[PDB]
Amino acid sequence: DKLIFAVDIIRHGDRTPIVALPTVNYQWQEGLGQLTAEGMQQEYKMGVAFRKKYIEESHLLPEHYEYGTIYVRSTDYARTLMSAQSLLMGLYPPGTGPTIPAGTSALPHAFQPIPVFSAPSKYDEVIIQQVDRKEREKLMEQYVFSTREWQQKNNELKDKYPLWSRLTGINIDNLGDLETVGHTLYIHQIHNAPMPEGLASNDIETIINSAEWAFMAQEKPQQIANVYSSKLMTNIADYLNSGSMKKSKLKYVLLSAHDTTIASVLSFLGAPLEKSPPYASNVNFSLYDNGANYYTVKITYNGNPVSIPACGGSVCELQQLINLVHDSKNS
């Protein structure tokens, strides 16, 4: 079987908190919500791994960047654009970039520029589905907040919210608030930045674990994933469909999304994550040609097979994956 097309959804690398802790005397050098140095290296290493699999092993892609063969699209965020660029430095490293005729390398160290296309979230025809916020809070309380598990988890924790509010300096009125605090505390642990003084190690771990749980609860309902990921999954199906049709130089599509993108797509496919996607996580759609006009799609999460209920495994026939996507999109 021959690899003839691939789509990669990546999340961005290690980042600084969206929300700083007012009670902590620590400045994030990179600024808030920004890709860190480790974040860049993570994406670059993933780009290096992609070069090995798509260029050295399969020859899906040429050794040097060839216009028309790849399409790279990012969401409208510094961290996703810089993640795409870091990864692409791995896929097409310095030393592969072009040389002026009879001259020197065009850029220092023969770097290879690759266009990273983007659209504002409100105008994104490919990755981001923006929904009227009055309808998101209606979806959330219908399929997430109203559930027995959500209400019960908020109830066990909220007596601690006033203390946690005072110690973190962020008002926590509900589990939704606690989640943002947990995501921040976690980034704080990764980078061994100071924690709020007096906030207990047991509370730190409870708030962080609760934030991950709350994160996954919001991504898990297939009804939520259909609203948010139908547009993205329709575009991925159309790219895989075009890839089988032999007609274009395009062999590879790279979409620099976030953790919500990845969790939402896997949930859309009926394989919701129990755990938050680690930094530079990958959802891959690999299109295989059997030679007897039989096209299959292998779907992986960080290189691991995704068991899709509708397909009974990680491998779907191409038309079957397309119908799954259009069946989900029309709910």
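The numbering used is simple: start at 1 and walk along the sequence shown.
Stretches 252 to 260 and 157 to 165 differ in mean C-alpha B factor, with the higher average recorded for 157 to 165.
As recorded in the PDB entry, 315 to 323 is the stretch of 315 to 323 and 11 to 19 with the greater mean C-alpha temperature factor. Residues shown: 212, 203, 141, 76. Highest C-alpha temperature factor in the entry: 141. Among 148, 109, 188, 231, the highest C-alpha B-factor in the deposited entry belongs to 148. When the modelled residues of the chain are ordered by their C-alpha B factor, residue 50 lands in the lowest third. Sorting the modelled residues of the chain by their CA temperature factor places residue 274 in the highest third. Residue 31: CA B factor in the lowest third of modelled residues in this chain (values from the PDB entry). Annotation for residue 113: C-alpha temperature factor in the lowest third relative to the rest of the modelled chain, per the entry. Among all modelled residues in this chain, the alpha-carbon of residue 295 has a temperature factor (C-alpha) in the highest third.
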